[PDB]
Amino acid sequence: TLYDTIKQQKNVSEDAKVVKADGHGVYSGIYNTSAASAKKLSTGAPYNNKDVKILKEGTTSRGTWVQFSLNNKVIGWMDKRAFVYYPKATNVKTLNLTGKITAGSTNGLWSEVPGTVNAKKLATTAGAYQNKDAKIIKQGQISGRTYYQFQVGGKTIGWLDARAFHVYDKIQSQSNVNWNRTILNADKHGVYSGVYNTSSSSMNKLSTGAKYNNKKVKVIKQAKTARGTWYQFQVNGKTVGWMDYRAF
C-alpha cells in the first residue's frame, strides 16, 4: 500500500503539446508505482508549449500517466492532464486531380490539415490563388471537412478546403475516328474548345449547336468523361470544336 498498482497499460502513437504543466511532475515511471517512480524528476514547466510524442499510457487509482518524448528523446511519464493531444486527419489518401481554385479568397490557407500537428495558417485567405489552376495531390479530413493539398505552377502551396476547388473531369478515353454525320436539333447542346469540363477553357461554350442544324459534318475524335461522350467535328474541313454525341 506504499505504491499504487498499474491497472492498465498500452502503447500509443500520438502528438501532443504540453500545456500549463507547472503543477505536475515528470517521473521515471507511472507515478508512485515503485521507489524510482515516487521521486519527482522535474516539473513540467521546462516543457510548456513544446510539442511531444506520446508513446505509452498507464493508469493507477490516482490518474493516467503518459510516457512522452521531446525530439524523440524520451523524457519520462507525466499526468495525461498536462497535455493537449493533436487530432489526426482521417481518410488521408494521395490524389492526382486538377481543377480551378474558385473560392480561395473565402478559405484559409494551411500548411497541414488544420488542427493536426505542425498545421500553421500560411495566409488568412488563399485569395492569392483565386481562379488559378491547381493540381490536387492529397486529401485529408477533419471535423467533417475535406482538405486538398495542392500545387500551383509546379510548387506545392499547402492545404485548402476541397469546397474551394472546381475539379476538372478526366478524359477517361479518347480516340481518332472518321465519321460523317448530320447535325439535327443541337440547340440544347453547346460547342466547346476542348472536351467538356476537362480544363479552364472548356467550361464555357463557344456557341450552341443550333447554328449547325441540318448540316453534314466530319467527326474526327471522340472522348468520354463521367458526364458523357463528346465528338470533335469539322465543317468546311476545319475543326469547329467538341459537342455532346446526342447532337449528331
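Numbers for residues come from their place in the sequence shown, where the first is 1.
The question of which stretch, 109 to 117 or 72 to 80, has the higher mean Cα B factor is settled in favour of 72 to 80.
Stretches 38 to 46 and 54 to 62 differ in mean CA B factor, with 38 to 46 having the higher one. Per the PDB record, 207 has a higher Cα B-factor than any other of 222, 200, 67, 207. In this PDB entry, the Cα temperature factor of residue 140 sits in the bottom third of its chain's modelled residues, the lowest group.
In this PDB entry, the Cα temperature factor of residue 196 sits in the bottom third of its chain's modelled residues, the lowest group. When all modelled residues of the chain are sorted by CA temperature factor, residue 21 is found within the highest third. The PDB entry assigns residue 94 a C-alpha temperature factor belonging to the lowest third of its chain's modelled residues. For residue 176, the recorded CA temperature factor ranks within the middle third of the chain's modelled residues.
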